[PDB]
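*Asks:* I have a structure I would like to understand better, so I am pasting it below and will then ask my questions one at a time.
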Amino acid sequence: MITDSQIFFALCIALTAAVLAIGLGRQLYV
Amino acid sequence: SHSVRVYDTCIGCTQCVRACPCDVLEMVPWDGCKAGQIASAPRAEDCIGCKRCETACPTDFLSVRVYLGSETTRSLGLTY
Amino acid sequence: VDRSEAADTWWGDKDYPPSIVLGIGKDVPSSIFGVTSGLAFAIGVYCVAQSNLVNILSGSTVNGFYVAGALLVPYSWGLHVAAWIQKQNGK
Amino acid sequence: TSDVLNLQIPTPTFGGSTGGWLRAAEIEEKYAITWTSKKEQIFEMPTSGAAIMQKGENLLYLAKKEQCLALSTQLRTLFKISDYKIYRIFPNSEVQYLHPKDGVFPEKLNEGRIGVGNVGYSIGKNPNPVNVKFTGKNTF
Amino acid sequence: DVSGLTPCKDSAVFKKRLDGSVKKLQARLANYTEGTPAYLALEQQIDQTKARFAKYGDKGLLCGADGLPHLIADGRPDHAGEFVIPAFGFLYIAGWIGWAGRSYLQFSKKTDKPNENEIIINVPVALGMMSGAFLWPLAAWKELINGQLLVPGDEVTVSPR
Amino acid sequence: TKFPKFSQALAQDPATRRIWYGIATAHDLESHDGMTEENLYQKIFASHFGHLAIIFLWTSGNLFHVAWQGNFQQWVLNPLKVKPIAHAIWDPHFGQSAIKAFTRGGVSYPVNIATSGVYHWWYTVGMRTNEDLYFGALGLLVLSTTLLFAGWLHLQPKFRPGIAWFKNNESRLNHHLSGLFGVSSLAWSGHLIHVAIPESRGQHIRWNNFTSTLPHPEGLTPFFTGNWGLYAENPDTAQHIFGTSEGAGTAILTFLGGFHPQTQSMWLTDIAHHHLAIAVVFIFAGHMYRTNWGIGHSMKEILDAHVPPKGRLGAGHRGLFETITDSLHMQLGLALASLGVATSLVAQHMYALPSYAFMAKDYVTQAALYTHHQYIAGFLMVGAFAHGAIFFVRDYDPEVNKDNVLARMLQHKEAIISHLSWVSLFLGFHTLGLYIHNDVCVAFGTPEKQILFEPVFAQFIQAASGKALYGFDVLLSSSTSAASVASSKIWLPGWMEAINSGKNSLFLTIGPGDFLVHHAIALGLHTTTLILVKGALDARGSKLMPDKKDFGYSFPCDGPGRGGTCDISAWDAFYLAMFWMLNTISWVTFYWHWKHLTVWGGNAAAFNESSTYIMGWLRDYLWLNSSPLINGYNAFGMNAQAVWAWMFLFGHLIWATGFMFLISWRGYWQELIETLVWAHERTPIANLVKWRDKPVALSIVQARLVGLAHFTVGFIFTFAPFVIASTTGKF
Amino acid sequence: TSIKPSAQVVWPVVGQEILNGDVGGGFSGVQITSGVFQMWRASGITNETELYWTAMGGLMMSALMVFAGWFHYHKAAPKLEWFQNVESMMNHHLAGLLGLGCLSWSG
Amino acid sequence: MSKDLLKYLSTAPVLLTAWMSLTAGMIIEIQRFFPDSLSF
Ligand code: CLA
Ligand code: CLA
Ligand SMILES: CC1=C(/C=C/C(C)=C/C=C/C(C)=C/C=C/C=C(C)/C=C/C=C(C)/C=C/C2=C(C)CCCC2(C)C)C(C)(C)CCC1
Ligand code: SF4
């Protein structure tokens, strides 16, 4: 059974990945 | 706008100019041809690309040749 | 290797390859190439027969020496092509 | 001839149509074509409909150089009118004389014309695209 | 025999297929009275069905588990009649056709109006070409040896590479 | 600064085609304004990084969803009965009836039943609890995070790789062979031996104790002594039960062959040995090429010297190194062709030799996977050929390839195209004729007249591989032959039983229907190749247009002159061949699905009888198996297959809408848009609201693209539903 | 009610003879769906001699029509003045073709 | 049967129809006299 804290930690790592994705998209756009 | 070019295989039969519905083509003097004239495209910006010049060209392959390119209001032929 | 640092190995205008194609063995004579190729063919076929034809291979009987010697059969082919190339190049 | 128009010539009698310019000839560019007729007579507009060109001077507004040239071809090959002149009118009211630029139709050679877009070799001698790869030019 | 198939003559499924078709025909026979054209036509048809099944049984065709003949096309001469002999027959006929066409084209190309001869066939010589194409394998070989069959490619239109 | 910043021509384009063409040429980096080769390569590299990050994010999402909302733990206990759950459904449009119907899989909420086999894959690999799946998702998220950062980093000024490094072929190939293939396969074999075989044998090996637990009781002492047969000794017994210690062996590397009896999947010891050996081979082969240490090979030298005597292949392979290393489209085409062949190979091999536990009895997953991979293989092949055409029209240099092996292809392209036309014509004529003969013969109440050719050659291959029902008695079928005797103590004792067991999809029995459908598949492949090869070879020029290379790869036409020049650009060759790719893959998947439905249902004498004629396909496959799909929802109620029915009709609708763009062309729609522009500009109130881009009809190539898009998406939606729902409703 | 209307028969050559299905009335043939049987019953045709003789009359009319087509182009072709008499054409088509056709059919 | 009508009969479509008629009749008569030949 996956816990709420586990889901939230995975979501936080996903948000970090999202920020990096925006950065990479910017740098590919320039 | 489209790029219109004329190659020296021209025989000066002046049919591309008559097929032209936008006054893009015009005969100019030339030493090469027997008829003494060659087609030229001083108004390529008005080109639309219907290629009636290419249709009317009787050379084994087209002396007048049109390359489609950057589009514009005139090239699209939009009344608006 | 780049475009520039590469030997001129094209030989479509000639009857035999240049010896440079043989790389490290560009100077070993055709005699050595042929003798080694023949010994390699004999030894490798012996190893293959002893491993899978004379005997039946299995988890308890696969032999590393025979397996390694089997790889001398393609080496024998390469060595015999090399022997012909060096004989034609005059070495 | 000249880059100017009277802009007061009587126009052909026409009952109106939905094929005319629409909120772009007045903002980007309109076109005009002016000719002279020996008799007041009926012709077909490039836009759908039938109009009556007046006796003498006639002036028509359109939205396309193609439309003006099509009307010109109609006038030449039906009514034998070969004095037409075509103008481009900008929103800033500049007028540019376009089609019979030398005073004679393009199909007849003139001594003063210079060649634009002329290639000194046959069509089957252009460079390959790989030659012009990563260059701003093109294979013609 | 081969591929697990059995000869159709000794095939229980083949016999049942024959019996089932026969029973179907006899069942539909009930509508028509004795001696009528429909009755006699159905009698002829059932005789034809039985003759067909007997012919397949006698010919040596192999029947699978489905009880239908399976043709063995592998080149064995036991089953040559399935493909090899029909194959040779078609190859001869198709060669005849193509040789007649090619020879008539060679004739027409030398005519003063080949374009009109293409539409309007000169039937008197077309019949001659069709008849003479019976010996195409020797004629084609002769043209091959004399070099008048395959035009040199240095003489065929080719698009800019 | 307008949308197509990369293309100033579209920037000045005033109509609505600006947006379309900007989106369309967003990724055509080669032809962008002010582009250099170095910038192109660096941008491609960063985009590759982003793409890898996308792949790993998709994997992590699947893992996290199965961990969180899937019944993985319940499915582990009873794999053959519990249906795997993909993810929960969140839909406010669902009614109470749909809620009750979609509530399934032993959970209290609506769910989707997984048909991807991820459950079987992870269970075989060694996942047993949701925690393991969640940690895998977390690690893949971190991997994607690092890949995105790497992509950002490798565009920085001090971290931007150079063109020489990009074109360093020898080092790249050495590293890919040795480490990306070799060491990664070695890592997978190690994972199997350390975590998967123990978990199958009832041992919980995880990060906290994999360092302490020995995979083999002897350890690495056999490996170092060279007595590697001790790792094969004591294999798993035929009475072994997957996931339990009863009947479990100690061997870590075996070559038993066949299938595991309980799971009907290949042995994990066999798979570990496979990956270990294959890696040895690849790590060796990755030392072929010369990189900074003298010893090795020079690819340019190899290609230059490989010219046969007397100029048989012209100048040989001279210049091919330069063309391949300069042109990215040729590399892309080679990669796409190889990967499409590999995708076809996995599609053909997974069903015949299942590797994941209890997948064979999961009939829906097998069909979904086969169809998926066959379709992607077809797409990859079409792309390989399209990029070959783009290379010919954009990157091919005849001066470099003077009298080359590649230039001779263009030299006798007419012969190639004519012979591909001949073989396509023969195959289609004869296959269609035989099918119609069978149709008419069965129609007229006399099936005995059917022309039924036994696929004797394929049956001979099956016999040589080990089949015995044909009675050919050749090679492995004949126990006595050298082939059968030499391998009689390694793999044949299991393989013989596996192949001759009739309960398996390994080397299915074949018949006249298989003969005819295989010739149909040959027709499809040959005609698709004809269209594609012709496009590639005629991309440079033709008798109707010798200067096509000047126009480029994708242009509308050359005009109505010279009789008309429709679809002449060799992009339209790709667009035409896409229809044939869809056609042939559809034939392949219909053949697979019908034969496997019959085999699974136990009536192979439905395929063997009805498949010889086309009405058998139309009736006993399509019509017969369409009932559980179309009955997903009806006037009396709804079932859990209503989503499949809705998507079936959805794919039909998109397939139909594609015909609009394919048939109706631009002039009609352009004039109609003139009328609509007039109406909008002339109506009051609304004419205050005015566009910025002049609305125009879709361009010719754009509309060909849109119509083909609607066709393909349609194809896949319709068959996905029909293949996933009919199987579920029939089993 | 029970008899299936059929007016076409195939020949036994390549197994197509099954297409002569059971259509009732001691007759084997291809069932028709054109309604000509009901048309003839409405018209009052009760024998086969009537059908044969009206078929012969139809062939005679077809021959007459071929002759008329040849005659009105090769021997005596009308003029545009004759063709453009739209008023008389309408009068004769209303009263002469439709009107007398309806009157004759009513009789 | 003037030379013009012989020419018209010699035209391509008439000749195609005539020859394919004879060919189809030949095939059909071979079927009638040697029916159900799924072999040689
Ligand atoms: C005069 C007869 C003739 C001959 C000798 C050939 C010869 C050839 N054709 Mg064919 N072809 C013909 C007519 C002929 N063709 C016609 C009329 C067409 C238009 C439908 C084609 C269309 C065509 C295509 C599209 C292709 C070929 C191909 C080929 C080659 C392979 C053979 C094959 O598969 O044929 C195939 C045959 C057909 C598709 C139908 C043939 C039509 C009839 C049955 C034959 C014509 C006979 C003619 C009426 C005879 C009149 C003579 C009489 C007055 C005395 C070969 C060079 C293929 C190729 O290039 O392979 C390398 C190929 O791709 N042909
Ligand atoms: C065009 C349509 C049409 C035709 C052709 C007829 C014909 C006939 N109707 Mg009429 N009828 C019609 C419409 C028509 N009707 C309509 C619409 C109605 C409803 C209002 C009626 C209502 C009606 C009734 C209520 C009656 C008739 C009757 C008659 C007969 C009248 C005889 C006569 O006047 O001789 C006209 C005579 C001449 C012009 C002089 C020439 C005489 C020639 C030379 C004689 C030729 C004889 C013949 C060739 C040989 C016969 C030999 C014999 C031994 C078999 C005749 C059969 C009567 C009848 O007999 O009913 C059964 C009758 O009572 N009709
Ligand atoms: C156009 C072009 C292109 C493209 C191309 C393509 C796309 C191709 C493809 C191709 C393909 C797709 C191919 C395939 C192939 C395959 C093969 C060749 C195979 C083989 C096989 C074998 C040899 C096998 C054998 C065996 C074994 C080993 C075991 C078992 C038995 C057997 C016998 C089966 C490019 C880019 C180049 C560039 C130029 C142009
Ligand atoms: S070849 Fe073409 S361009 Fe030259 S004169 Fe003739 S029509 Fe004009």
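Chain labels A, B, ... are given in the sequence in which chains occur in the structure tokens; within each chain residues are numbered consecutively from 1, and ligands are likewise numbered from 1 in the order shown.
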Mind checking which residues fall within 12 Å of residue 94 of chain E, counting only C-alpha atoms, ignoring those fewer than 5 positions away in the same chain, and posting them as a PyMOL selection string?
*Replies:* chain E and resi 87-89+99-101+130+133-134+136-137
*Asks:* May I have the selected residues written with N, CA and C atoms, as a compact mmCIF listing (two decimals), in the first residue's frame?
*Replies:*
# COMPACT_ATOMS: atom_id res chain seq x y z
N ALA E 87 2.19 -25.69 -65.15
CA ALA E 87 3.13 -24.58 -65.20
C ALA E 87 3.81 -24.50 -66.56
N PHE E 88 4.28 -25.63 -67.07
CA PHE E 88 4.90 -25.64 -68.39
C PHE E 88 3.90 -25.24 -69.47
N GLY E 89 2.66 -25.73 -69.36
CA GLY E 89 1.65 -25.36 -70.34
C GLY E 89 1.40 -23.87 -70.37
N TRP E 99 5.41 -13.33 -77.63
CA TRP E 99 6.16 -13.32 -78.88
C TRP E 99 5.31 -12.80 -80.03
N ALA E 100 4.03 -13.18 -80.08
CA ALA E 100 3.15 -12.62 -81.10
C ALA E 100 3.08 -11.11 -80.97
N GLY E 101 2.91 -10.62 -79.74
CA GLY E 101 2.85 -9.18 -79.54
C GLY E 101 4.13 -8.47 -79.94
N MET E 130 0.80 -14.48 -85.04
CA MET E 130 0.26 -15.35 -84.00
C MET E 130 0.55 -16.82 -84.31
N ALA E 133 4.35 -17.55 -83.89
CA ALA E 133 4.83 -17.54 -82.51
C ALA E 133 4.74 -18.90 -81.82
N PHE E 134 4.25 -19.94 -82.51
CA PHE E 134 4.21 -21.27 -81.90
C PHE E 134 5.60 -21.79 -81.58
N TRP E 136 8.19 -19.96 -80.59
CA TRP E 136 8.88 -18.86 -79.93
C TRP E 136 10.17 -19.24 -79.20
N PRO E 137 10.28 -20.39 -78.50
CA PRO E 137 11.53 -20.62 -77.75
C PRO E 137 12.76 -20.68 -78.63
*Asks:* Got a sec to check which residues lie within 6 Å of ligand 1, using only C-alpha atoms and all ligand atoms, and send them as number ranges by chain?
*Replies:* E: 98, 100-102, 104, 121, 126, 129-130; F: 418-419, 421-422
*Asks:* What residues in chain E get the DSSP label strand (DSSP E)? Please answer as a PyMOL selection string.
*Replies:* chain E and resi 6-7+62-63+69-70
*Asks:* Could you give me, as an MDAnalysis selection string, the residues within 12 Å of segment 82-87 of chain D, counting only C-alpha atoms and dropping anything in the same chain fewer than 4 positions from it?
*Replies:* (chainID B and resid 22:23) or (chainID D and resid 1:7 29:38 56:78 93:105)
*Asks:* Hey, which of G:71, G:14, G:7, G:2 ends up closest to chain F? Count only C-alpha atoms.
*Replies:*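 Between G:71, G:14, G:7, G:2, the residue approaching chain F most closely is G:14.
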*Asks:* Need to verify the contact set: residue 25 of chain A, 10 Å, only C-alpha atoms, exclusion of same-chain residues closer than 6 positions in sequence. Can you return it as a PyMOL selection string?
*Replies:* (chain A and resi 19) or (chain F and resi 46-47+50+148+151-152)
*Asks:* Quick one: write out the picked residues with C-alpha atoms as a PDB file, in the first residue's frame?
*Replies:*
ATOM      1  CA  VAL A  19      11.347  22.729 -13.593  1.00  0.00           C
TER       2      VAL A  19
ATOM      3  CA  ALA F  46      19.846  18.026 -26.469  1.00  0.00           C
ATOM      4  CA  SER F  47      16.583  16.896 -28.070  1.00  0.00           C
ATOM      5  CA  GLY F  50      14.826  15.318 -23.621  1.00  0.00           C
ATOM      6  CA  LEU F 148      16.829  16.817 -18.468  1.00  0.00           C
ATOM      7  CA  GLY F 151      20.240  18.119 -21.980  1.00  0.00           C
ATOM      8  CA  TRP F 152      20.252  21.641 -20.564  1.00  0.00           C
TER       9      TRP F 152
END
*Asks:* Distance table requested - chain F against chain G, cut-off 9 Å, only C-alpha atoms: one row per qualifying residue with the closest atom pair and its distance in Å to one decimal, ordered by chain and rising residue number, as CSV.
*Replies:*
residue,atom,partner,partner_atom,distance
F:440,CA,G:16,CA,8.8
F:441,CA,G:15,CA,7.7
F:443,CA,G:16,CA,8.9
F:444,CA,G:15,CA,5.7
F:445,CA,G:18,CA,7.2
F:446,CA,G:15,CA,7.2
*Asks:* Could you save the residues just selected, with N, CA, C and O atoms, as a PDB file, in the first residue's frame?
*Replies:*
ATOM      1  N   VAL F 440     -15.504 -18.619 -55.263  1.00  0.00           N
ATOM      2  CA  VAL F 440     -16.556 -19.062 -56.172  1.00  0.00           C
ATOM      3  C   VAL F 440     -16.825 -20.550 -55.993  1.00  0.00           C
ATOM      4  O   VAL F 440     -17.976 -20.995 -56.058  1.00  0.00           O
ATOM      5  N   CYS F 441     -15.778 -21.345 -55.762  1.00  0.00           N
ATOM      6  CA  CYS F 441     -15.974 -22.784 -55.636  1.00  0.00           C
ATOM      7  C   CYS F 441     -16.771 -23.131 -54.384  1.00  0.00           C
ATOM      8  O   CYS F 441     -17.690 -23.956 -54.441  1.00  0.00           O
ATOM      9  N   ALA F 443     -18.723 -21.018 -52.863  1.00  0.00           N
ATOM     10  CA  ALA F 443     -20.017 -20.381 -53.072  1.00  0.00           C
ATOM     11  C   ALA F 443     -20.955 -21.285 -53.855  1.00  0.00           C
ATOM     12  O   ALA F 443     -22.130 -21.430 -53.503  1.00  0.00           O
ATOM     13  N   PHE F 444     -20.444 -21.940 -54.891  1.00  0.00           N
ATOM     14  CA  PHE F 444     -21.262 -22.785 -55.744  1.00  0.00           C
ATOM     15  C   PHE F 444     -21.519 -24.173 -55.139  1.00  0.00           C
ATOM     16  O   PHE F 444     -21.925 -25.087 -55.867  1.00  0.00           O
ATOM     17  N   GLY F 445     -21.311 -24.354 -53.837  1.00  0.00           N
ATOM     18  CA  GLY F 445     -21.661 -25.604 -53.193  1.00  0.00           C
ATOM     19  C   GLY F 445     -20.731 -26.748 -53.511  1.00  0.00           C
ATOM     20  O   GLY F 445     -21.100 -27.910 -53.315  1.00  0.00           O
ATOM     21  N   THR F 446     -19.527 -26.452 -54.000  1.00  0.00           N
ATOM     22  CA  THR F 446     -18.540 -27.470 -54.362  1.00  0.00           C
ATOM     23  C   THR F 446     -17.168 -27.038 -53.856  1.00  0.00           C
ATOM     24  O   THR F 446     -16.294 -26.642 -54.635  1.00  0.00           O
TER      25      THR F 446
END
*Asks:* Set the distance at 8 Å and use only C-alpha atoms: which residues neighbour residue 32 of chain G once local chain neighbours fewer than 4 positions away are removed? I'd like the list as JSON, numbers by chain.
*Replies:* {"G": [5, 6, 7, 8]}
*Asks:* Counting only C-alpha atoms and all ligand atoms, what residues are within 12 Å of ligand 4, given as a PyMOL selection string?
*Replies:* (chain B and resi 4-20+24-30+32-41+51-66) or (chain D and resi 106-109+117-119+122-123)
